[PDB]
Amino acid sequence: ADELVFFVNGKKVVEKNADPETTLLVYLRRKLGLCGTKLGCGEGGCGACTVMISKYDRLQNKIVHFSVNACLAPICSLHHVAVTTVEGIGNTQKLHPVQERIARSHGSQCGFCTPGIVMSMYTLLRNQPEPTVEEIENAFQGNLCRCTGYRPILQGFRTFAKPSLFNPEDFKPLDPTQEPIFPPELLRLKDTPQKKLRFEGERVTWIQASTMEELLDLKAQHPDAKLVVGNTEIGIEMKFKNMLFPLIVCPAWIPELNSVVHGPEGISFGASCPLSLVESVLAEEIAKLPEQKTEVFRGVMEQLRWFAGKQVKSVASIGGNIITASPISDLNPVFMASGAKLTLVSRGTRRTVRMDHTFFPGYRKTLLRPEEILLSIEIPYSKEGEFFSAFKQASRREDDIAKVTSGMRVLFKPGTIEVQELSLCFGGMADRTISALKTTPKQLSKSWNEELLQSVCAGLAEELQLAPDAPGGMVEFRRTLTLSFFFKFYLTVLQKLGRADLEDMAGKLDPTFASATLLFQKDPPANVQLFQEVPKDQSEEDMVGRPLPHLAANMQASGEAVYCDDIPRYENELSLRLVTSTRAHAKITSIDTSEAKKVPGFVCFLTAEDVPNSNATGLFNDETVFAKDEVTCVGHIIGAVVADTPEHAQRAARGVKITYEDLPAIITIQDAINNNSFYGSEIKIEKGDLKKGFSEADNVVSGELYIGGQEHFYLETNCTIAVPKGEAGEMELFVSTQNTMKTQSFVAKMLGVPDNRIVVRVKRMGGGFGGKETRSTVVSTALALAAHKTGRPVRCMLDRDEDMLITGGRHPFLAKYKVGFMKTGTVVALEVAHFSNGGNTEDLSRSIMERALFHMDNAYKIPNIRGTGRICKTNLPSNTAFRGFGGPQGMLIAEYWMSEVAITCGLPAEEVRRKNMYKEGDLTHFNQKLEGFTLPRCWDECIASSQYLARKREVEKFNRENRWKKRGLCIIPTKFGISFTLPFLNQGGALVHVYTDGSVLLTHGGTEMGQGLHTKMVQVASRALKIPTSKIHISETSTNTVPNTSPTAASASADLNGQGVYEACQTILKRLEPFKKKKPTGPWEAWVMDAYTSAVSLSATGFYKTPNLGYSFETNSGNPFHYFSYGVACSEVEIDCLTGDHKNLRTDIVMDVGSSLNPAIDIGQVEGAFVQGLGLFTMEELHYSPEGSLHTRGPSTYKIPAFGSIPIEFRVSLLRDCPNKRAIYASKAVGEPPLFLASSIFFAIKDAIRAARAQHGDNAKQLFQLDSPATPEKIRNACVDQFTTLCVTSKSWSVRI
Ligand SMILES: Cc1cc2nc3c(=O)[nH]c(=O)nc-3n(C[C@H](O)[C@H](O)[C@H](O)COP(=O)(O)OP(=O)(O)OC[C@H]3O[C@@H](n4cnc5c(N)ncnc54)[C@H](O)[C@@H]3O)c2cc1C
Ligand SMILES: O=C(O)c1ccccc1O
Ligand code: FES
Ligand code: FES
Ligand SMILES: [Ca+2]
């Protein structure tokens, strides 16, 4: 047959013309309008698209449930399966416990990921009714969240396993019986033998083989037939490497390729077995068999522990991992280094082989003949006197690509410690999986002793050398790892020999080298949130200062909250796709649409010619809407393809051929300095006398810190929907932005119509953090022009690779400091020269650099200081705002030389800091008096509650007992100024309406992206009008209701809008008091009607502007801030000196948010900001080619904090009794300040690294270089030792920007 049949949320679905290229994600959103399931990457790493799927296991005669990635599952593979999505488990009317909990525990912010996480937890509970705290966490390996900081999510879900922010005592019980039945129709079908299905598509044919005979026969007749199972590999090739296999064939049904046979030599799994099957089956073996027969099994298991996540492993097969033949495969190494027996069948033919250097001929190739297919794999039992180990190291533990992976085996002569057989296989060292065929033989018969260790290391170092210009980069780090892995193996093997009586022969192991053999250990979380209780009085209706859940939590948790792309398409609507340059600075000589036009559905290709009025946009008018004559960065927008479906828009854009003539490019900060290529003159602040200050300097340190950039990674990429009104140049735009005003102004200026005609509407954003403060417009305008030219509605949702490439991000920094200080610690002179890489457009760069300079002093009084800034005009995607807006960069530099001051002085950091810290009443370097100073209490409470001193000791102790595992514990302070650097942007407006039924419709200039701004504004209004929040509502933000609004940024949004909403509300109360006075206790509904029937207006606007702001650089005077945010973080880490990986063991925060408008919201903002910082300083790295082209374009190569990447012990506390009167209800901004506190982790790692360096004889300087981010690479290399030494022996892949 050719009719695809399956279920979704219970309802049957029959598809008569299924296209192999159609993914369950597209079929759910665009063919069933089920939009709970989101699209965050289409790469497989965020899990926003997670959905459960069920089916009847023919074999086990049972129904099974497992999660999967909708973005990668081809529907042509879902025949006779039951899909379940977030919508299918609950609604706001009837929330499923999973949804209720995540929502109430505050686990949802922007909400764009809650459906996926909800589904992972849901799927778990369907498999394990009462999971363990550990099982719960493993559920989220394939799920990423950028707003929550993961604490709440897990704390909330904890309740399912084994004052206050919420109450699990109120959570509704779970009832497994009340879950969606399993489609009886599907059980009726399990009675008739499945047959072969064929699905013809627009350009791809898919055959679903049902029997081995069919499969081999098909391969025989058409060897070209591409096999597909989980598609987790092929899916990526088609989607990202622009591949197209016209003839697929899925054999997932065939029994043979699914059997698990227990043989004498070991367990044989069919080539199609899901990695989750292998995982579960082996896990049972290593639990009932002698530890001596499960060495290899446990090796595989260790790899799978960090192999994608639940979603991928549920469909990814073993055979797929084998045949993919990826040099970075984490299983081929283990399979080769253990001689796995692979069977290979073909119609008529049948052979068998063992994995070895011969199996992987060249790049991604194997022994298999074009017509053969991998039948099965036998994972061998470990023989007595045989030991195995598996290693893997990347940039992040959870779901990542290995930099180096390895499988190591050793077989000793019976009863001895003499090497009978030794295999060492690696991944990430060549264009394939290799073995140390040379090094290992020269080790036969030798004994497991220190001499062999030296023999191998020297051998590996020689045999596995890398070309400095080798692909991937990080040459040193990788080499070190091959050696560091073997070292762990050597130390491990010893322990195993000792644990066999031959202890005496191999020799006891140093009790400080033991930890170096340990496998990664979990250790249960322990969080503690602390905030103030609202006065004993405060009526229960006054929610200001109460932990009120984000108003949209339930909706976000249920998939009903709507996001731009969720809005349905007009039958009308067209799709748009941007066309960017592939040259950093060329001259466009010719554009060719010839091919684009052949694409079915092609409407047109917009260029600079098609712009009605002006082609000059951007916050400083130095940018083009569409490149004209020359491109000035890779990812520069040249045009826009317009077609019906997004699929055709893309294929068409690919048909737009361009020709260039390159020009001198200015890629790096250096390139810029050498070319005097900047954005304006240099900014400078200076107080005191430098020469004089340096003269009195006992010490004087110089240095250069470099801070990497950072991609915002809002789960919801950029999206705009433009609907043309047909008359007067009227246009409504549904946009994911934090800046309606400029989105509007840019579309107006671009079209040639007044702002009169343009309306921009923002309901909510799935995260923004400054990335949508002005860069969204680059998409907005393109669509506006598509609408204005077709008359039809046009829409554009950017894919991740396009968003990351195009939208820019945080500013990379280069500091050149020279601090002068006394032996006492006291600093007396500072001089920093910052250099930010601005990019293609000025944008907000120069204002970011002004913020940096404003915080180069972090928390310290420095009598003689002078900082300067220069913004580099480079041929790269222009960079913008990012939570912190230059503040972190400027503070990381400050805390860097500060740390080196402590070291050089030999004094304890805490003391060096407390000494130089500001005092209540001091002026800053820009002369702003610091009144209501509160940092000291944050400091004294943090040391006290985090029990610093005592733990400082426990850390030293741990270090004395551990050689290849060191711990750090650093306490950092921060000072963040609140207000826009541009004074007039400090204004907010609101519009309130009270209808005759009493209900109130409120709106303000600020947008919503996860911060819970509306929730707060609602709480403000509710307290202002003295009526329950239940009667108030905010539906969206738009230029209709409130005009000329500042972008939602600078943490000020709740300060500005909250003040506006307040005034508006006071106007209403004014009007209403005459009626109130008459009937004092009469209901609110009553006063409203009276006012109405008395012709009294029940609608008013509210406005506010921050007073007394205004700073002059020319005279270094005038306060540029309304007030200051204050806080202290105390983090503890524990690095693995042998790999670079580490783990944040504990953090303690004490933040000053004045009288919090909403404790729960703020604490969630503190945790979230922090985790964003922790990623900026230790995980997130962007790599650009030498030619200025970005390489890291998806979560696969950009690793943002994951679930397990957060302080195992997260403690947050809000400073008590610290009312900030001058702000809405004595509160304080809280969105950005908390982010730099993640520094404490950076410098705790600094310590742990120094402690390791201190036990290595060779001095080689004590004040080493540790640039940001402190990735595994930077950390390992910094731990110079016998291994970093024996392996350090242009044309490189990347380059420092
Ligand atoms: C987010 C994410 C994270 C990942 N993490 C990791 C990781 O940590 N380590 C790692 O190694 N991989 C990882 N992978 C890669 C991938 O999941 C594996 O390579 C997977 O095991 C491939 O299996 P599949 O069934 O999905 O293959 P498919 O994509 O269906 O097929 C892959 C290739 O195998 C061939 N093939 C499949 N079965 C057979 C057979 N029986 N006989 C002959 N040829 C066959 C096909 O022709 C095709 O070329 C990740 C992928 C994603 C998307
Ligand atoms: O001044 C700004 O424009 C600004 C923007 C985002 C965040 C903080 C800021 O000061
Ligand atoms: S979209 Fe499918 S994993 Fe992120
Ligand atoms: S709350 Fe999850 S991506 Fe924002
Ligand atoms: Ca810029």
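Letter by letter, the sequence shown follows residues 3 to 164, 192 to 1318, 1324 to 1331 of PDB author numbering.
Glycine included, every Cβ here is placed at the ideal spot set by N, Cα and C.
With 16 other Cβ atoms within 10 Å as the buried cut-off, status of residue i
i	result
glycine 1217	buried
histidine 1220	exposed
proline 1188	buried
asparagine 703	exposed
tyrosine 599	exposed
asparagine 63	exposed
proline 1263	buried
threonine 509	buried
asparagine 19	exposed
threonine 688	exposed
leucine 577	buried
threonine 933	buried
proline 1149	buried
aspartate 359	buried
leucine 1098	exposed
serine 367	buried
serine 1064	exposed
Near ligand 3: residue i beta-carbon under 7 Å from a heavy atom
i	result
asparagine 260	no
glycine 44	yes
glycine 47	yes
Whether residue i touches residue j by CB criterion (8 Å)
i	j	result
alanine 1231	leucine 548	no
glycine 1131	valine 1157	no
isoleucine 138	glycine 109	no
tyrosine 735	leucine 843	yes
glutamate 413	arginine 438	no
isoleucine 77	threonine 25	yes
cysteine 1159	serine 975	yes
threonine 646	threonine 810	yes
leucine 959	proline 906	no
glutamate 1209	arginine 912	no
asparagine 908	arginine 839	yes
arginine 899	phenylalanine 707	yes
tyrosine 846	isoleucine 787	no
Residue i CB to nearest heavy atom of ligand 2 below 7 Å
i	result
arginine 612	no
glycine 799	yes
Residue i Cβ short of 7 Å to ligand 4 heavy atom set
i	result
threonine 150	yes
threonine 116	yes
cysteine 73	no
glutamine 111	yes
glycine 796	yes
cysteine 1094	no
Cβ-heavy atom distance, residue i to ligand 1, below 7 Å
i	result
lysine 270	no
Ligand 5 heavy atom lying under 7 Å from the CB of residue i
i	result
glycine 501	no
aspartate 872	yes
> What are the start and end residues of each continuous beta strand (DSSP E) run of 3 or more residues lying completely inside the region 1082 to 1162, in chain order?
Replying inline: If we require 3 residues or more, the beta strand (DSSP E) runs fully inside the region 1082 to 1162 come out as 1128 to 1134.
> Along the chain, which unbroken stretches of the beta strand (DSSP E) at least 3 residues long are found entirely within the region 682 to 733?
Replying inline: DSSP runs (the beta strand (DSSP E)) wholly in the region 682 to 733: 686 to 689 and 712 to 716.
> Which runs of the beta strand (DSSP E) fall wholly inside the region 6 to 93 and span at least 3 residues, in chain order?
Replying inline: If we require 3 residues or more, the beta strand (DSSP E) runs fully inside the region 6 to 93 come out as 6 to 10, 13 to 17, 52 to 59, 64 to 71 and 84 to 86.
>> List, from N- to C-terminal side, the beta strand (DSSP E) runs of 3 residues or more that fit wholly inside the region 282 to 329.
In response: 289 to 291 and 295 to 299, all fully within the region 282 to 329.
> Enumerated in chain order, which unbroken segments of the beta strand (DSSP E) with a length of 3 residues or greater are wholly contained in the region 535 to 588?
Replying inline: Residue ranges of uninterrupted beta strand (DSSP E) with 3 or more members, entirely inside the region 535 to 588 and ordered along the chain, are 557 to 559.
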